[PDB]
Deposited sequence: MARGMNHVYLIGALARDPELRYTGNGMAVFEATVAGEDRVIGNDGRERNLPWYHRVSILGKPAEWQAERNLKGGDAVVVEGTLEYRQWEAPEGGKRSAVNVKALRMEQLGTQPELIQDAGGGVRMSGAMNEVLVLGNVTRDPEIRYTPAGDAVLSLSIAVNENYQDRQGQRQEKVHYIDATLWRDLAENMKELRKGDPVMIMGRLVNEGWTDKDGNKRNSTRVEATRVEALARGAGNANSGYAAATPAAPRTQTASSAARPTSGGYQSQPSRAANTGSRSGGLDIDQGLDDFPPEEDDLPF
């Protein structure tokens, strides 16, 4: 049974948009971007579509946030599967925000090539717990680094419905090596950072749980 948290502090890369589904459900959408100072010292940039659903979507749009505003987001990873109009299954993990608040300081905006900004000195953290969906296999990158792709299923329950989010994690170097023995079905906890390249969790820590 699942756990699923993402915390992000970042800037709106540009203006958010409010839209409505067929059902009339309100969706608020923003691209939150920043750059983390990853202490060995890397600058890891990231850009995440964040969405707020329902009545909070309309509460959020009332706040009138603009490109460049810095915000903190508390949210979860949302897995979605759909059929493309061109035919064929598609799937993606994005960020659903349970909350978004504005920072009270002007952050430093790093300008990018394609017209957007990202926050300097940002924050990005994920904690998720679910079950490994299949036996992983150790690979090597062109530079020789051990890498392990881990697929897990995070069970969500919310008239009581069940959802599964299929979340992918990358474990590097010694982490990759310590976790080689993981099997289909094994429950696991992973913290890390949420990265673009598709949305993946880059693991900084993984723990195998009992059962």
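By the record, the deposited chain contains unmodelled runs at 1 to 2, 43 to 46, 165 to 169, 209 to 219, 234 to 301, with no C-alpha atoms placed there.
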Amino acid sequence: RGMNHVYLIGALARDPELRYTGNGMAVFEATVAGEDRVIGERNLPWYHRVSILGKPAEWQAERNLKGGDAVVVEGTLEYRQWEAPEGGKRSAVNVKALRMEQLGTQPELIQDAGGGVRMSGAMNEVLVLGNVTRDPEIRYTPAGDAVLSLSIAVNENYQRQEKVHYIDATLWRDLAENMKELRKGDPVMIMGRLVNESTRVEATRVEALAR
From here on, numbers count along this sequence of modelled residues.
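Averaged over their C-alpha atoms, the temperature factors of 16 to 24 and 188 to 196 are higher for 16 to 24. Of the two segments examined, 121 to 129 and 78 to 86, it is 78 to 86 that shows the higher average Cα temperature factor in the deposited entry. As recorded in the entry, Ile39 carries the highest CA temperature factor of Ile39, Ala33, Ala169, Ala57. Out of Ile52, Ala70, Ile152, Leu182, it is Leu182 whose C-alpha atom has the highest B-factor in the PDB entry. In the deposited entry, the Cα temperature factor of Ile138 sits in the top third of values across the chain's modelled residues.
Looking at the C-alpha B-factors along this chain, the one for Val95 belongs to the lowest third. Among all modelled residues in its chain, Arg173 ranks in the middle third by Cα B-factor.
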